[PDB]
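A.B. asks: What follows is a single structure, and I will ask about it in a moment.
Cβ atoms come from the backbone with ideal geometry, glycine included; neighbour counts cover every protein chain shown. Every number in this text was worked out from the coordinates using simple rules, so none of it is lab data.
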Amino acid sequence: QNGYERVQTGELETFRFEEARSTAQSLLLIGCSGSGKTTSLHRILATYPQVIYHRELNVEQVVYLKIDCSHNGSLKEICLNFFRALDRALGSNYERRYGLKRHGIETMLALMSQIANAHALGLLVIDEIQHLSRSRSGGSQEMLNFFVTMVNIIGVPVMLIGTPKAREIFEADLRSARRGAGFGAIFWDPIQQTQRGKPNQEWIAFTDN
Amino acid sequence: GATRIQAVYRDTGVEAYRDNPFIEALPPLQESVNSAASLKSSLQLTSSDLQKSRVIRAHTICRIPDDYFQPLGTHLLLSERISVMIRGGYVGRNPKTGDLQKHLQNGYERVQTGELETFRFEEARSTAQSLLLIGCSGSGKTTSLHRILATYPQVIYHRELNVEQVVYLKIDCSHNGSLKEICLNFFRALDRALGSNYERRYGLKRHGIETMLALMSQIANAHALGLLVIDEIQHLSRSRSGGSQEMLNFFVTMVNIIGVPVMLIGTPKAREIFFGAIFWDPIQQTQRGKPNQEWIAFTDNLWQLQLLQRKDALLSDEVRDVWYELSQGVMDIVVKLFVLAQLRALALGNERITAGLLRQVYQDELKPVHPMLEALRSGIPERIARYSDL
Amino acid sequence: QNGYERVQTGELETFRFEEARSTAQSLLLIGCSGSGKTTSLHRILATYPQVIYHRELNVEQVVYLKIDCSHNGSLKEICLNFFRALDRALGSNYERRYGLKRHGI
Amino acid sequence: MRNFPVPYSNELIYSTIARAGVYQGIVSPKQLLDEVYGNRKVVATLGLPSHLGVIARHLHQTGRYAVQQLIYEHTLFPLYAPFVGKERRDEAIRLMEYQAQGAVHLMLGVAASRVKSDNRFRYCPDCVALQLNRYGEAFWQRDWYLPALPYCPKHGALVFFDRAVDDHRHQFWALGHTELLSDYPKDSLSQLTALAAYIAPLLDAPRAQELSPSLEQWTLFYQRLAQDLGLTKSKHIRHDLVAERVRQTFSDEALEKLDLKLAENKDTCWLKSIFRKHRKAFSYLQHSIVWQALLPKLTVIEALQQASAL
DNA sequence: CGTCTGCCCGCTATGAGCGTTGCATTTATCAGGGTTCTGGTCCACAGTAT
DNA sequence: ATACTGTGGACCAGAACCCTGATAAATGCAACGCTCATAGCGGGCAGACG
Ligand SMILES: Nc1ncnc2c1ncn2[C@@H]1O[C@H](COP(=O)(O)OP(=O)(O)OP(=O)(O)O)[C@@H](O)[C@H]1O
Ligand SMILES: Nc1ncnc2c1ncn2[C@@H]1O[C@H](COP(=O)(O)OP(=O)(O)OP(=O)(O)O)[C@@H](O)[C@H]1O
Ligand SMILES: Nc1ncnc2c1ncn2[C@@H]1O[C@H](COP(=O)(O)OP(=O)(O)O)[C@@H](O)[C@H]1O
Ligand SMILES: [Mg+2]
Ligand SMILES: [Mg+2]
Ligand SMILES: [Mg+2]
Ligand SMILES: [Zn+2]
């Protein structure tokens, strides 16, 4: 209010009011099956306590969350694993209240944004993203937009784990490839026995131990 | 949700902007000096935070994409046009001399009869205009609309009346061309900027599509909404049966009859469905046979944010050329590539940015966006037609 | 055929065919209690066999019917006594077919 | 409710609530009662409403509107306050805040007369045109809704029409100009218009709040006044000169229309009971007729000053 | 000239959105009593004619 | 100086809105069926092989 009055009386030439946070950081990890795309995540995120309780506030900060995609390729079954996986980390129930059938996909996408900042959730990991290709629920452009909308709403960083078959889903247009490779795209390869003209020092250290 | 700024009325210098509480309480119209200095931002880069550890110097360097903004030539025109169409949309909606009470009285019939052309007064006109923004992905359509519309206070409160004027509102389109989920995003974005319950009483009562198209535009006049922004209008291409045209007829009845200004944003794939239009393009290195002044300024202002100990103040022409070659003009790619190269340099330990390092970072960590950049690089229209959004 | 559009429109005077005509008479019997109105009526009506089944047609001619007004006098318990008394003489389920559905008067 | 209209100048709060319903497209009356009030068991009343206090809380951010201001300036309270007394007036003001419609009506005289006198909506042809010209809307006004006179103070007659308050007891209705008027000639009695113009300034007068003479004050004031006119026998009334004066001032058709037809033969009468000791507070209209028939050189506020002094 | 390999394509299953439906809740309706308001009443008080 | 009459005041009850109770009818909402878009399977039918 002081800034507003000063700029209105001409004393202060310009002033900046409240701003809105931009799009959430997104990462895409793509590696052939059997390389350890789930064991690595469960051994890296295990050093972070999941649910932290704050005394001066009243928020149970859920540091991370790991959900998995559906085999149908459905889009109301990946907005509902969110509630079913927030129920196994906390104690309260959410699929009973927010998991009805009257609510559409967009409404289920705008109620997983209030309980995404009510608890200061830190990461959202979606596993096996390859299952969404060729689903009977909707076309190929009803989900390439669903990811864009979901990234643009929730605001928590999103991590996607998938198979090199799922690269073709995200290399379809510049919007989805820009958002999917938001903070770099990590690609995993099998260990090679030798690099250049010398034996590798990773295979030997992985075998001799 | 949003901070309510108590209004104080200035003295406008325009005859038409005479006694409106709505446009005599907005911040003063800035000038060309303030069109290029009220948007600039940069990282602090304190010299005390360059000798720190690698982890601190690598966490404080990832804030460059969020906190860096450099206004180009196009932002001046965009700011002027938005200013004109947000200040001129209230003169036909005067609340003093009984002009807004003639726009709210008509809108009750449209809620009752369900037809959006049942005027009760014929002396209440509309004075709003329309804009259309189209540009390649990563050009800056949103992050240069959240810093040009951020000099206005949003929710203002006028105590001479009881009105709570909402200066601007932003919504985005549904993931399909849905019908009842564009009139629900309006309520979900209006009741989290006022702390009210509009979605729980407009829509939960089992209304039709016509009643939810009339109630939305009535509650958008109960609060003197100044500008309505819809992001990603290309989501209407995959609409339901008839949705691709009913909503585009509504978006031309709202600005023409009801009088609320509307602005639309979309990728060039949204030109098929079609409003004064503004087209944005990636920065071109050569304008008139010489390097672009805007591009030179952008590069030389980005280069002054470097946490590498062995940094080079002088920017090489070869380095600039290969940066443009690997970026192909999109500002998002430019900034992201700079940040990724800086992080990889810190990781390796060699703390000087090289053309080879730039190429390695590109080839290793920009795999998904490769074909679009290569299509823009080739410049063949046949290759451009598929993807690259140009 | 005329009676179907009375059901559809809801007005009991919308007759479609002009050639159709009504040939009926009305009567009321009033007497002090103990005169013997009910049993006299039953003795008179016992001569007709009620449900006569025609063979060349398929109609079951109900010669007569008897109902009594409800104690409440309600508008819904006098149009249901007719259905309750039309299947106690035929063996059908007219009440379950018509009464149970949500219908106005 | 996030945006409650400020009442216009000289308006009934019923019209303010109806316009609040109009401005947001709340067609359903139950939804309107839920949003504005919170309970579905309220009665839409014109003149002496209740539940103010949740209306004055919607306007709380506007500094200039408090409960007393709505009670006095936007409800028909100033037409009962000077006559009922002091304790009844204070109790009624205390009860307008809370949720009791019955008690507020019981405390006041004709509010307890349990009849809604001419409950149909009224309007004035010429006033609506002025309101459309100046404000741009059309609202109910305190001038039209006089307790007993079906007449605008300045213009001729109030053009009635169908519908009423009690047809739907939970709905607020706001006038629309599409029913502006119907052109049919109507003429008004001169003395009745004079009475309306005499009683109108009592509405817009700050001094009517604190000038409420008590019952013994009323009877002593009328006794000394009647003695000063000289028509008073020893502890008796002439019962002829007063009737002659009031018949000269107001004609028989008027007294039929306002429902105070004289019965000089009958010992009990509205005019006869005033001379005797007052038992209960009489309506404003009876006092208005007495004042205008006896002495026309003093206004309503001057009469209140003289009554309150001694 | 028949067939047996690709191409049609008829058909089964599935999910999201919309329209439909029956139960519990709310709303409305009517009878009975009551308690203070009032409507008129009778009696005492006072002013007066024989 | 003493009986007759007009009038104000204390005063019986009639009654009318409010409260309570039971009974019948009108919605809101949670649950269920209808419709359309989409992907795929395998059997039957037009061109090439013998
Ligand atoms: N003029 C600019 N100067 C500096 N950075 C910019 C500029 N324009 C855009 N950016 C950067 O680009 C990033 C992403 O771009 P932005 O979010 O504006 O894209 P967009 O137009 O919304 O894209 P999409 O096509 O996906 O809708 C921003 O976070 C910002 O850092
Ligand atoms: N004509 C008659 N001859 C012989 N017995 C008769 C005659 N009329 C009446 N009764 C006798 O009187 C009684 C008639 O009872 P019923 O209930 O029919 O009479 P009601 O008073 O007309 O009836 P409702 O209850 O319908 O008014 C029977 O006991 C019957 O035997
Ligand atoms: N870095 C590693 N060192 C040792 N074992 C590993 C490593 N990465 C993966 N594995 C082994 O691979 C097995 C399968 O990994 P898994 O979690 O299934 O990965 P994915 O889901 O990608 O196949 C695990 O049982 C684990 O023991
Ligand atoms: Mg796995
Ligand atoms: Mg955007
Ligand atoms: Mg009988
Ligand atoms: Zn008037």
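A.B. asks: Amide H to amide H, which residues 5 or more places from B:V155 or on other chains are under 5 Å from it, using H placed in the peptide plane?
C.D. replies: B:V167
A.B. asks: Apply the Karplus parameterisation 6.51 cos²θ - 1.76 cosθ + 1.60, with θ equal to phi minus 60°, to every residue of the stretch A:57-66 and state each ³J(HN,Hα) to the nearest whole Hz, in sequence, with x for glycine and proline.
C.D. replies: 8, 9, 10, 8, 5, 7, 5, 8, 8, 10
A.B. asks: Take chain D, connect every pair of alpha-carbon atoms lying under 10 Å apart with a spring to form a Gaussian network, then pick out the residue of D:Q61, D:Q131, D:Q209 with the largest mean-square fluctuation.
C.D. replies: With Cα springs under 10 Å in chain D, the top fluctuation among D:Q61, D:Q131, D:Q209 is at D:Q61.
A.B. asks: Indicate, rounded to the nearest 5 percent, the antiparallel portion of the DSSP beta bridges found entirely in chain B. Kindly include the intermediate steps, with their values, before the conclusion.
C.D. replies: Numbers: 3 of 24 bridges.
Beta bridges within chain B, antiparallel portion: roughly 10 percent.
A.B. asks: Which value in Å does the Kirkwood hydrodynamic radius of chain C take, with 1/r averaged over all unlike C-alpha pairs and then inverted?
C.D. replies: Across chain C, the inverse of the average 1/r is 17.1 Å.
A.B. asks: Once you sort the root eigenvalues of the Cα gyration tensor of the protein assembly as shown as a ≥ b ≥ c, which label holds: rounded (a/c under 1.5), prolate (a/b larger than b/c) or oblate (the other case)?
C.D. replies: Values: a/c = 2.78, a/b = 1.59, b/c = 1.75.
Since a/c reaches 1.5 but b/c is at least a/b, the shape of the protein assembly as shown is classed as oblate.
A.B. asks: For a quick check: sort A:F83, D:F160 by the number of other beta carbons within 10 angstrom, fewest at the front. If you can, show how the numbers build up before the last one.
C.D. replies: Working: A:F83 20, D:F160 12.
Lowest count first: D:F160, A:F83.
A.B. asks: Go through the stretch C:10-48 and name the trypsin sites (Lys or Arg not before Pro) that are in a DSSP coil and have 16 or fewer other Cβ atoms within 10 Å of their Cβ. Let's see the in-between values first.
C.D. replies: Working: sites: C:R16, C:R21, C:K37, C:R43; in loops: C:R16, C:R21.
Sparse-neighbourhood loop trypsin sites (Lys or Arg not before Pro): C:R16, C:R21.
A.B. asks: So which GluC sites (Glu not before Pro) in the stretch B:112-181 are both in a DSSP loop and have at most 10 other Cβ atoms within 10 Å of their Cβ?
C.D. replies: Numbers: sites: B:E115, B:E117, B:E122, B:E123, B:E160, B:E164, B:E181; in loops: B:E115, B:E117, B:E122, B:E123, B:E160, B:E164, B:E181.
For GluC sites (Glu not before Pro) across the stretch B:112-181 that sit outside H, G, I, E and B with at most 10 neighbouring Cβ atoms in 10 Å, the list reads B:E115, B:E117, B:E122, B:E123.
A.B. asks: If contacts are Cα pairs under 8 angstrom and at least 6 residues apart, what is the relative contact order of chain A in percent? Can you show the working numbers first?
C.D. replies: Working: 274 pairs, mean separation 64.4, N = 209.
Relative CO of chain A lands at 31 percent.
A.B. asks: Counting DSSP beta bridges in the stretch B:132-269, what percent are antiparallel, to the nearest 5? The partial results should precede the final answer.
C.D. replies: Numbers: 1 of 13 bridges.
For the stretch B:132-269, the DSSP antiparallel bridge percentage is about 10.
A.B. asks: Can you list the residues, at least 5 places off or on another chain, whose amide H is less than 5 Å from the amide H of B:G135, using H built in the peptide plane?
C.D. replies: Hits under the 5 Å cutoff: B:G266, B:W280.
A.B. asks: Can you pull the mean other chain C-beta count within 10 Å for peptide A:169-179? Can you show the working numbers first?
C.D. replies: Details: counts 0, 2, 7, 2, 8, 18, 8, 3, 10, 10, 2.
The per-residue average across the peptide is 6.
A.B. asks: At q = 0.09, 0.14 Å⁻¹, work out log10 I(q)/I(0) for chain B with the Debye formula, treating every Cα as an identical point scatterer and leaving solvent out; two decimals please.
C.D. replies: -0.66, -1.24
A.B. asks: As a quick test, which of the pairs D:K116/D:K257; D:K86/D:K280; D:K277/D:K297; D:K257/D:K297; D:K116/D:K266 have an alpha carbon distance above 18 angstrom in this structure?
C.D. replies: Over 18 Å Cα-Cα: D:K277/D:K297; D:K257/D:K297; D:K116/D:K266.
A.B. asks: Mind listing the phi-derived Karplus ³J(HN,Hα) values for the stretch D:217-223, rounded to whole Hz, using 6.51, -1.76 and 1.60 with θ = phi - 60°, and x for any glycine or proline?
C.D. replies: 4, 4, 5, 5, 4, 5, 5
A.B. asks: I need C:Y94, D:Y80 ordered by Cβ neighbour count within 10 Å, fewest first. Display every interim value, and only then the final one.
C.D. replies: Numbers: C:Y94 14, D:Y80 23.
Neighbour counts put them in this order, fewest first: C:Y94, D:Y80.
A.B. asks: For chain B, what number of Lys pairs, 8 or more residues apart or on separate chains, have alpha-carbon atoms under 18 Å from each other? Can you show the working numbers first?
C.D. replies: On the way: B:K40/B:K141; B:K52/B:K311; B:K141/B:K170; B:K141/B:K269; B:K141/B:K336; B:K170/B:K180; B:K180/B:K205; B:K336/B:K367.
Total qualifying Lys-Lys pairs in chain B comes to 8.
A.B. asks: Calculate the length of the line joining the C-alpha centroid of the stretch B:110-136 to that of the stretch D:235-310, in whole Å.
C.D. replies: 60 Å
A.B. asks: Continuing with this model, one more query. Considering the dipole of the stretch D:186-285 built from charges on the beta carbon (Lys and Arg +1, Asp and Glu -1) around the Cα centre, which of D:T193, D:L260, D:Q227 is farthest to its positive end?
C.D. replies: D:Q227
A.B. asks: Right, here's the next one. Enumerate the calculated ³J(HN,Hα) couplings along the stretch B:378-390 in order (Karplus 6.51 cos²θ - 1.76 cosθ + 1.60, θ = phi - 60°), each rounded to whole Hz, writing x wherever the residue is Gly or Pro.
C.D. replies: 5, x, 6, x, 5, 6, 5, 4, 7, 6, 6, 6, 10
A.B. asks: If you don't mind, another one. What percent do you get for the relative contact order of the stretch A:93-209 when only Cα pairs under 8 Å and 6+ apart count?
C.D. replies: Values: 70 pairs, mean separation 27.9, N = 117.
Averaging sequence separation for qualifying contacts and normalising by length gives 24 percent for the stretch A:93-209.
A.B. asks: Please give the charge dipole size of the protein assembly as shown, origin at the Cα centre, charges +1 on K and R Cβ atoms and -1 on D and E Cβ atoms. Round to the nearest 20 debye. Show your work: numbers first, answer last.
C.D. replies: Values: 118 positive and 104 negative charges, 515 e Å.
Dipole size: approximately 2480 debye.
A.B. asks: Of chain A, which part is the longest with no GluC sites (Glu not before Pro) in a loop (DSSP not H, G, I, E, B) and with at most 12 other C-beta atoms within 10 angstrom? Before the final figure, lay out each step's value.
C.D. replies: On the way: sites that count: A:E11, A:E18, A:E19, A:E56, A:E202.
Between exposed loop sites, the widest span is A:57-201.
A.B. asks: Could I ask something else about it? If each residue's Cβ is checked for other Cβ atoms within 10 Å, how do B:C136, B:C62, D:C269 rank with the fewest at the top? Working shown, then result.
C.D. replies: Working: B:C136 23, B:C62 14, D:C269 17.
By the 10 Å Cβ count, ascending, the order reads B:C62, D:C269, B:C136.
A.B. asks: Here's a follow-up. For the stretch B:139-284, rounded, prolate or oblate, judged on the Cα gyration tensor with a ≥ b ≥ c (square roots of eigenvalues), a/c < 1.5 rounded, else prolate if a/b > b/c?
C.D. replies: Details: a/c = 1.91, a/b = 1.17, b/c = 1.64.
Because a/c hits 1.5 or more and a/b fails to exceed b/c, the stretch B:139-284 counts as oblate.
A.B. asks: Ok, one more. Quick check: pseudo-label points 7 Å beyond the Cα along Cα→Cβ at C:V62 and B:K52, how many nm apart are they?
C.D. replies: 9.4 nm
A.B. asks: Alpha carbon centre of the stretch D:167-203 versus the stretch B:233-291: separation in Å?
C.D. replies: The stretch D:167-203 and the stretch B:233-291 have Cα centres separated by 54 Å.
A.B. asks: Assign one of three labels to the stretch D:60-117, namely rounded, prolate or oblate, based on the Cα gyration tensor with a ≥ b ≥ c the square roots of its eigenvalues; rounded applies when a/c is under 1.5, prolate when it is not and a/b is larger than b/c, and oblate otherwise. Don't skip to the answer; put the middle values down first.
C.D. replies: Values: a/c = 1.90, a/b = 1.73, b/c = 1.10.
Prolate shape, in that a/c is at least 1.5 and a/b is the bigger ratio.
A.B. asks: When DSSP beta bridges are limited to those with both residues in the protein assembly as shown, what percentage is antiparallel, rounded to the nearest 5? Provide the component values of the computation, followed by the final result.
C.D. replies: Working: 14 of 53 bridges.
Bridges in the protein assembly as shown that DSSP calls antiparallel: roughly 25 percent.
A.B. asks: Can you give me the long-range amide H partners of A:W188? Hydrogens built in the peptide plane at 1.01 Å from N, cutoff under 5 Å, separation of 5 or more residues or another chain.
C.D. replies: HN-HN under 5 Å from A:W188: A:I30, A:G31, A:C32.
A.B. asks: Note down the relative contact order for chain C as a percent, whole number, built from C-alpha pairs under 8 angstrom at least six residues apart. Write down the numbers at each step before the final one.
C.D. replies: Working: 63 pairs, mean separation 12.6, N = 105.
Relative contact order here is 12 percent.
A.B. asks: Tell me, how many Å apart are the Cα centres for the stretch C:52-105 and for the stretch D:102-165?
C.D. replies: 55 Å
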